[PDB]
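Below: model_19.txt (compact mmCIF, C-alpha atoms)
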```txt
# COMPACT_ATOMS: atom_id res chain seq x y z
CA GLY A 423 -26.74 -7.71 -6.71
CA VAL A 424 -23.62 -8.95 -4.94
CA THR A 425 -22.63 -8.67 -1.29
CA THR A 426 -19.19 -7.45 -0.25
CA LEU A 427 -17.14 -9.97 1.70
CA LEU A 428 -14.28 -7.49 2.04
CA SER A 429 -13.15 -4.28 0.38
CA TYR A 430 -10.53 -1.58 0.30
CA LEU A 431 -11.28 1.64 -1.63
CA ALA A 432 -8.75 4.47 -1.83
CA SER A 433 -11.69 6.90 -2.15
CA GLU A 434 -13.39 5.71 1.09
CA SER A 435 -12.52 7.04 4.54
CA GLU A 436 -9.65 9.16 3.19
CA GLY A 437 -8.11 5.97 1.81
CA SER A 438 -7.31 4.64 5.27
CA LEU A 439 -6.54 0.92 5.33
CA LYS A 440 -6.81 1.01 9.12
CA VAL A 441 -10.29 2.56 9.20
CA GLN A 442 -11.41 0.02 6.59
CA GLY A 443 -10.37 -2.92 8.78
CA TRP A 444 -7.14 -3.98 7.05
CA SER A 445 -3.87 -4.74 8.81
CA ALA A 446 -0.72 -3.40 7.15
CA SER A 447 2.89 -4.17 7.92
CA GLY A 448 6.16 -3.33 6.26
CA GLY A 449 6.71 -0.59 3.76
CA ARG A 450 4.67 2.56 3.30
CA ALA A 451 1.11 3.17 2.12
CA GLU A 452 0.59 6.76 0.96
CA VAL A 453 -2.81 7.98 -0.21
CA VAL A 454 -2.13 9.97 -3.38
CA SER A 455 -3.94 11.84 -6.11
CA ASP A 456 -4.29 10.12 -9.49
CA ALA A 457 -6.69 11.60 -12.02
CA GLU A 458 -7.70 8.12 -13.24
CA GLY A 459 -8.18 6.66 -9.77
CA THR A 460 -11.72 6.39 -8.48
CA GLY A 461 -12.54 9.72 -6.90
CA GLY A 462 -9.13 10.89 -8.08
CA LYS A 463 -7.39 8.80 -5.41
CA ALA A 464 -5.16 5.77 -5.01
CA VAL A 465 -2.88 4.28 -2.37
CA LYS A 466 0.79 4.02 -3.33
CA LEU A 467 2.58 1.01 -1.85
CA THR A 468 6.35 1.05 -1.54
CA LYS A 469 9.08 -0.18 0.79
CA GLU A 470 12.78 0.33 1.42
CA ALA A 471 14.60 -2.22 -0.74
CA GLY A 472 16.24 -4.85 1.43
CA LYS A 473 13.74 -4.22 4.24
CA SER A 474 10.60 -6.23 4.91
CA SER A 475 8.14 -6.88 2.12
CA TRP A 476 4.88 -5.07 2.65
CA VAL A 477 1.75 -7.04 3.50
CA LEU A 478 -1.90 -6.01 3.66
CA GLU A 479 -4.30 -8.45 5.33
CA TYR A 480 -8.04 -8.75 5.79
CA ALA A 481 -9.98 -11.33 7.82
CA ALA A 482 -11.78 -13.00 4.91
CA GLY A 483 -13.02 -16.25 6.45
CA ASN A 484 -12.91 -19.56 4.63
CA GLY A 485 -14.84 -18.42 1.54
CA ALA A 486 -17.49 -21.15 1.67
CA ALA A 487 -20.23 -18.82 0.40
CA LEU A 488 -18.02 -17.62 -2.47
CA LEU A 489 -17.61 -21.25 -3.54
CA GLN A 490 -21.34 -22.00 -3.16
CA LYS A 491 -22.82 -18.88 -4.73
CA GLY A 492 -19.98 -17.67 -6.94
CA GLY A 493 -18.52 -14.19 -6.96
CA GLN A 494 -15.20 -12.51 -7.64
CA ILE A 495 -11.86 -11.48 -6.18
CA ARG A 496 -10.91 -8.17 -7.84
CA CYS A 497 -8.31 -5.42 -7.86
CA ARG A 498 -7.74 -2.25 -9.88
CA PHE A 499 -4.09 -1.19 -9.86
CA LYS A 500 -1.41 0.76 -11.71
CA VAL A 501 2.26 -0.20 -11.84
CA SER A 502 4.94 2.52 -11.65
CA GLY A 503 8.52 2.37 -12.87
CA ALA A 504 10.69 1.12 -15.72
CA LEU A 505 10.27 -2.36 -17.18
CA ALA A 506 12.70 -4.73 -15.44
CA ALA A 507 12.79 -8.38 -16.47
CA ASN A 508 11.41 -10.82 -13.87
CA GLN A 509 10.49 -8.14 -11.31
CA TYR A 510 7.44 -8.60 -9.09
CA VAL A 511 4.49 -6.32 -8.46
CA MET A 512 2.39 -8.20 -5.89
CA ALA A 513 0.66 -11.43 -4.93
CA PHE A 514 -2.75 -12.36 -3.52
CA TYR A 515 -2.86 -15.36 -1.16
CA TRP A 516 -6.04 -16.64 0.49
CA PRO A 517 -5.33 -19.85 2.42
CA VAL A 518 -8.46 -21.39 3.93
CA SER A 519 -8.76 -23.53 7.05
CA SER A 520 -11.31 -25.88 5.45
CA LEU A 521 -13.16 -26.51 2.23
CA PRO A 522 -16.88 -27.37 2.15
CA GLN A 523 -17.94 -30.96 2.68
CA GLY A 524 -17.24 -32.98 -0.44
CA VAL A 525 -14.94 -30.33 -1.95
CA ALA A 526 -11.28 -31.19 -2.35
CA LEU A 527 -8.56 -29.70 -4.52
CA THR A 528 -6.77 -31.95 -6.97
CA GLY A 529 -3.00 -32.33 -6.96
CA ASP A 530 -0.25 -32.35 -4.37
CA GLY A 531 1.26 -29.38 -2.58
CA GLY A 532 -0.82 -29.95 0.49
CA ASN A 533 -2.34 -26.50 0.99
CA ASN A 534 -5.80 -25.21 0.14
CA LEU A 535 -5.92 -21.63 -1.16
CA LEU A 536 -8.71 -19.83 -2.99
CA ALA A 537 -6.10 -17.38 -4.29
CA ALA A 538 -2.39 -17.78 -4.98
CA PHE A 539 -1.97 -15.32 -7.81
CA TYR A 540 0.97 -13.04 -8.54
CA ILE A 541 1.81 -10.29 -10.98
CA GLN A 542 5.30 -10.14 -12.50
CA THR A 543 6.95 -8.89 -15.68
CA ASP A 544 8.97 -11.06 -18.01
CA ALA A 545 11.28 -9.11 -20.37
CA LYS A 546 8.32 -7.52 -22.16
CA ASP A 547 4.86 -8.18 -20.69
CA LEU A 548 3.00 -7.87 -17.38
CA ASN A 549 1.82 -11.39 -16.49
CA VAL A 550 -0.64 -12.98 -14.08
CA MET A 551 0.65 -16.27 -12.64
CA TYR A 552 -0.72 -19.05 -10.41
CA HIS A 553 1.66 -20.23 -7.68
CA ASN A 554 0.47 -23.82 -7.70
CA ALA A 555 3.76 -25.65 -8.44
CA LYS A 556 6.74 -26.46 -6.23
CA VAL A 557 9.12 -24.55 -8.55
CA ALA A 558 8.10 -21.40 -10.34
CA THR A 559 9.21 -22.60 -13.77
CA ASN A 560 6.10 -24.83 -13.57
CA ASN A 561 3.63 -22.26 -12.22
CA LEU A 562 0.70 -21.68 -14.56
CA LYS A 563 0.60 -18.49 -16.60
CA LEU A 564 -3.01 -17.37 -16.28
CA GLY A 565 -2.79 -14.51 -18.79
CA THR A 566 -1.13 -11.23 -19.58
CA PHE A 567 -2.03 -7.55 -19.59
CA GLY A 568 0.19 -7.23 -22.65
CA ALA A 569 3.26 -5.06 -23.03
CA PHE A 570 4.24 -3.58 -19.70
CA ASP A 571 3.06 -0.03 -19.07
CA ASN A 572 2.23 2.41 -16.27
CA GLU A 573 -1.52 2.54 -17.02
CA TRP A 574 -4.40 1.41 -14.85
CA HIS A 575 -5.44 -2.24 -15.14
CA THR A 576 -8.12 -4.45 -13.65
CA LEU A 577 -7.83 -8.06 -12.57
CA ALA A 578 -10.58 -10.34 -11.32
CA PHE A 579 -10.99 -14.04 -10.57
CA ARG A 580 -14.59 -15.14 -11.14
CA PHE A 581 -16.06 -18.12 -9.26
CA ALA A 582 -19.09 -19.78 -10.85
CA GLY A 583 -20.76 -21.25 -7.78
CA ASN A 584 -22.09 -24.71 -7.10
CA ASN A 585 -18.72 -25.36 -5.40
CA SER A 586 -16.93 -25.39 -8.75
CA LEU A 587 -13.19 -24.83 -8.40
CA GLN A 588 -13.01 -23.67 -12.04
CA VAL A 589 -12.14 -19.96 -11.99
CA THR A 590 -12.10 -17.51 -14.88
CA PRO A 591 -9.50 -14.73 -14.80
CA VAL A 592 -10.76 -11.38 -16.09
CA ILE A 593 -7.97 -9.16 -17.42
CA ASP A 594 -8.82 -5.53 -18.21
CA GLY A 595 -12.49 -6.50 -18.53
CA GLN A 596 -12.02 -9.53 -20.78
CA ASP A 597 -12.08 -13.15 -19.73
CA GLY A 598 -8.94 -15.18 -20.10
CA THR A 599 -8.74 -18.95 -20.14
CA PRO A 600 -10.59 -20.75 -17.33
CA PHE A 601 -8.42 -22.75 -14.94
CA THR A 602 -9.12 -25.10 -12.06
CA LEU A 603 -7.73 -24.44 -8.60
CA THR A 604 -5.34 -27.11 -7.31
CA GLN A 605 -3.38 -27.65 -4.15
CA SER A 606 -0.45 -25.25 -3.77
CA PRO A 607 2.86 -25.26 -1.85
CA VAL A 608 2.19 -21.84 -0.31
CA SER A 609 2.08 -22.38 3.45
CA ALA A 610 3.56 -19.34 5.22
CA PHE A 611 0.41 -17.18 5.38
CA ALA A 612 -2.25 -17.31 8.07
CA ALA A 613 -5.44 -19.20 7.28
CA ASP A 614 -8.72 -17.44 6.48
CA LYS A 615 -7.11 -14.12 5.60
CA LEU A 616 -6.55 -12.46 2.26
CA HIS A 617 -2.89 -11.43 2.09
CA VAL A 618 -1.66 -8.92 -0.47
CA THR A 619 2.11 -8.53 -0.59
CA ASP A 620 5.07 -7.57 -2.76
CA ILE A 621 6.56 -10.97 -1.84
CA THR A 622 10.27 -10.22 -1.58
CA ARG A 623 12.60 -7.93 0.34
CA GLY A 624 14.30 -7.17 -2.97
CA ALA A 625 13.18 -4.28 -5.12
CA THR A 626 9.66 -4.57 -6.57
CA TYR A 627 7.63 -2.16 -8.67
CA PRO A 628 5.89 0.64 -6.76
CA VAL A 629 2.15 0.03 -7.18
CA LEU A 630 -0.94 2.20 -6.90
CA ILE A 631 -4.10 0.46 -5.68
CA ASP A 632 -7.54 1.88 -6.46
CA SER A 633 -9.53 -0.95 -4.88
CA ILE A 634 -9.40 -4.57 -3.72
CA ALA A 635 -12.57 -6.53 -3.07
CA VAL A 636 -14.15 -9.93 -2.70
CA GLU A 637 -17.82 -10.03 -3.69
CA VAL A 638 -20.27 -12.92 -3.39
CA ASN A 639 -23.30 -13.34 -5.61
CA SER A 640 -26.62 -12.81 -3.82
```

Once you've parsed the file, please lay out its structure as structure tokens.
Amino acid sequence: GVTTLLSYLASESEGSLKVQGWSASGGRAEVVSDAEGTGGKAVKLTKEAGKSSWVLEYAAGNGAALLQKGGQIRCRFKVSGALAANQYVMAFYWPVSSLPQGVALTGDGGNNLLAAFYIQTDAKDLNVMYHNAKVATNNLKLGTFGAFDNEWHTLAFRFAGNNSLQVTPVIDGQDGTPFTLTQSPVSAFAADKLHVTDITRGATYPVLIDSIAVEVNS
């Protein structure tokens, strides 16, 4: 089976991010009961609007083995609150300090990230987007969970191995359209860490996290 590069589970170690090796800043992380969370648990992430965006970080390395062997970046989450057009849930950024020899991302933007994916509603749907353009009107829409709701969802990004940069998003257990990683303008996040954040100081949706993981094929 797979090996775990990193994980957070709300059902492990009383849901403690700290015990599980993550660094957390901004906002509040409250371990809560949710009957459809794994083990009946989740972590609820909020902040005071206008105050700092929350950020969770894990020391993920440069991901070379993920690229070589394939694997997945995954999260199970539930969004809380009323549908509000254009409002963010969260983003996943994984800048890397190098790519393997002979691997190079196409495009301009000048930064190498294995993840630059964010979750946002339009006026009707919950969308998964790729922050790979200078202006967001040109960011790629990777797929949608459909009409916005407050149910649990799963999201994964599957890497095929052999150093392929062609990733398949997996939305509620079903593949979406494959896409190829490119350079990205995202530059503000420390290299070789996975950063999970609600992006903005402005109001964002409260979110419940069941798990976050990166797994590498064995």

- Could you work out how far CA of residue 559 in chain A lies from CA of residue 627 in chain A, giving the answer in Å with one decimal?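 Separating CA of residue 627 in chain A from CA of residue 559 in chain A is a distance of 21.1 Å.
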
Taking (-4.2, -27.8, -7.5) as a centre in this file's frame and 10 Å as the limit, can you find every polymer residue with an atom that close, using all atoms listed in the file, and give them as a JSON list (two decimals) with C-alpha atoms, keeping the file's coordinate frame?
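Saved result, point-v2.json, follows:
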```
[["chain", "number", "residue", "atom", "x", "y", "z"],
["A", 526, "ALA", "CA", -11.28, -31.19, -2.35],
["A", 527, "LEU", "CA", -8.56, -29.70, -4.52],
["A", 528, "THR", "CA", -6.77, -31.95, -6.97],
["A", 529, "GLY", "CA", -3.00, -32.33, -6.96],
["A", 530, "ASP", "CA", -0.25, -32.35, -4.37],
["A", 531, "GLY", "CA", 1.26, -29.38, -2.58],
["A", 532, "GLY", "CA", -0.82, -29.95, 0.49],
["A", 533, "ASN", "CA", -2.34, -26.50, 0.99],
["A", 534, "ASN", "CA", -5.80, -25.21, 0.14],
["A", 535, "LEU", "CA", -5.92, -21.63, -1.16],
["A", 552, "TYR", "CA", -0.72, -19.05, -10.41],
["A", 553, "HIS", "CA", 1.66, -20.23, -7.68],
["A", 554, "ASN", "CA", 0.47, -23.82, -7.70],
["A", 555, "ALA", "CA", 3.76, -25.65, -8.44],
["A", 587, "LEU", "CA", -13.19, -24.83, -8.40],
["A", 601, "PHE", "CA", -8.42, -22.75, -14.94],
["A", 602, "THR", "CA", -9.12, -25.10, -12.06],
["A", 603, "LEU", "CA", -7.73, -24.44, -8.60],
["A", 604, "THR", "CA", -5.34, -27.11, -7.31],
["A", 605, "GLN", "CA", -3.38, -27.65, -4.15],
["A", 606, "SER", "CA", -0.45, -25.25, -3.77],
["A", 607, "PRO", "CA", 2.86, -25.26, -1.85]]
```

- Message: I'd like the neighbourhood of residue 470 in chain A as a list in words, where a residue qualifies if any of its atoms comes within 10 Å (using only C-alpha atoms), though same-chain residues fewer than 5 positions away should be ignored.
- Response: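 These residues fall inside the cut-off: residues 448, 449, 450, 475, 476, 623, 624, 625 and 626 of chain A.
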
- Task: Rounded to one decimal place, report the CA of residue 633 in chain A-CA of residue 467 in chain A distance in Å.
- Result: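 Distance reported for this atom pair: 12.6 Å.
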
- Item | Residue contacts of range 593-596 of chain A (12 Å, all atoms listed in the file) excluding same-chain residues fewer than 2 positions away, as a list in words |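 Within the cut-off, the hits are residues 496, 497, 498, 499, 500, 541, 548, 549, 550, 564, 565, 566, 567, 568, 573, 574, 575, 576, 577, 578, 579, 580, 590, 591, 598, 599 and 600 of chain A.
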
- Query: How many Å separate CA of residue 619 in chain A from CA of residue 638 in chain A?
  - Reply: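 Rounded to one decimal, the two atoms are 23.0 Å apart.
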
- Item | Spatial sel., origin (-7.2, -12.4, 1.3), limit 8 Å, only C-alpha atoms, listed as a list in words |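 I get residues 479, 480, 481, 482, 514, 515, 516, 517, 537, 614, 615, 616, 617 and 618 of chain A for the residues within 8 Å of that point.
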
- Query: Counting only C-alpha atoms, which of A:428, A:486, A:495, A:635 gets nearest to residue 518 in chain A?
  - Reply: A:486

- Option closest in space to residue 581 in chain A, from A:445, A:508, A:523, A:494 [counting all atoms listed in the file]: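 The shortest atom-to-atom distance to residue 581 in chain A comes from A:494.
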